[PDB]
Amino acid sequence: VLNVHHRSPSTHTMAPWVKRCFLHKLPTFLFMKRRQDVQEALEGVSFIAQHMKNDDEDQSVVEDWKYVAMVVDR
Amino acid sequence: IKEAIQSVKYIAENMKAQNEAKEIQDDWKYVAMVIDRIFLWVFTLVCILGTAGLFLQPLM
Amino acid sequence: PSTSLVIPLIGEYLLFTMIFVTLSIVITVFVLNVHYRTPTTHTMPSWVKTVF
Amino acid sequence: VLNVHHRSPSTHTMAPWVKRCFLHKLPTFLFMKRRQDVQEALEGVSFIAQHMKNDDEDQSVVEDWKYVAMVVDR
Amino acid sequence: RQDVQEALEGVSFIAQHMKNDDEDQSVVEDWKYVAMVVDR
């Protein structure tokens, strides 16, 4: 249960059965309850927004792994 | 005036370089995970083979 | 006893397990050195990209 | 050799002798080889860029301390 | 024009957030140096 705490999206991928099992049934079962120069600037700001959104997605998945490890621990 | 737009370009280039460095560090972590798994399987096979061939089989 | 005629199976098993656990720590120090490694201090080779 | 690994740029100053000794000669000897609302927005973006430049410099210096620790270790 | 006004407030909030973050980082580095002095 310590190995499934440090899983990241750059190494592993969460299977759909551990999606649907360790997040809905058992946490409710174990009482958890949860002009040209201006054009390049828009490209840079869009790249910054895409990078921060990808960072938030990876942080959400690693928090999901931490919650799965907490449920298996309990 | 132009300095702010060049600064946003610098921020974008810095974040791209940091992303590529993080990719290289993830590759270094993944090759260590691969070496860890292959030696896990090798020592599991050697341990099971030793406890079979040296401990139970002659002593029965 | 300290009879050097034959060795017990349990002492042979203990020696076997001590040898392989020492080889396990000399493997795990290598994988800890491989893990904590950055591109600002080391360059990653080309043959390690295909094999490992 | 573990004290010199945790030396930050904010609390220590890298002397020139460790620059000339543990970075050039010994990494080759040991085969290492390395409008008042509008105007403040531009000043804020300039401040963000200068702070990221300073942060990159301090990160480079602390990685330089880590490399000095690695050379002494080998 | 109504869309333009909130972006400047966003940039000002980013500037104030990073300034407070740098002040907190300076205070925690000051605590680390106090620990170093007491240790020596």
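First chain written, first letter: the chains are A, B, C, D and E, and each begins at residue 1.
Simple rule for what comes next: a contact is a pair of C-beta atoms (placed from the backbone, for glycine too) under 8 Å apart; a residue touches a chain by one contact, two chains touch by 3 or more.
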Chain occupying the middle, per Cα centroid: B
Pair joined by the larger number of C-beta contacts - B-D, C-D: B-D
Separation of chain C from chain D, taking each centre as the mean of its C-alpha atoms, in whole Å: 35
Chain A and chain B: spacing of chain centres that average the CA atoms, whole Å: 19
Chain centre separation in whole Å, for chain C relative to chain B (CA means): 17
Chain C residues counted as touching two or more neighbouring chains: 38, 40
Junction residues of chain D, two or more chains touched: 45, 48
Chain-to-chain touches, reported pairwise for every pair that qualifies: A-B, B-C, B-D, C-D, D-E
Complex contact set, residues of chain D against chain B: 42, 45-46, 48-49, 52, 56
In the complex with chain D, residue positions of chain B that touch it: 1, 3-4, 7-8, 10-11, 14
Partner chain D, residues of chain C touching it in the complex: 38, 40-41
Residues on chain B engaged by chain A in the complex (per definition of touch): 2, 5, 8-9, 11-12, 15-16, 19, 26, 29-30, 33
Chain B - residues contacting chain C, complex: 21, 24-25, 27-29, 31-32, 34-36, 39, 43, 46-47, 50-51, 54-55, 58-59
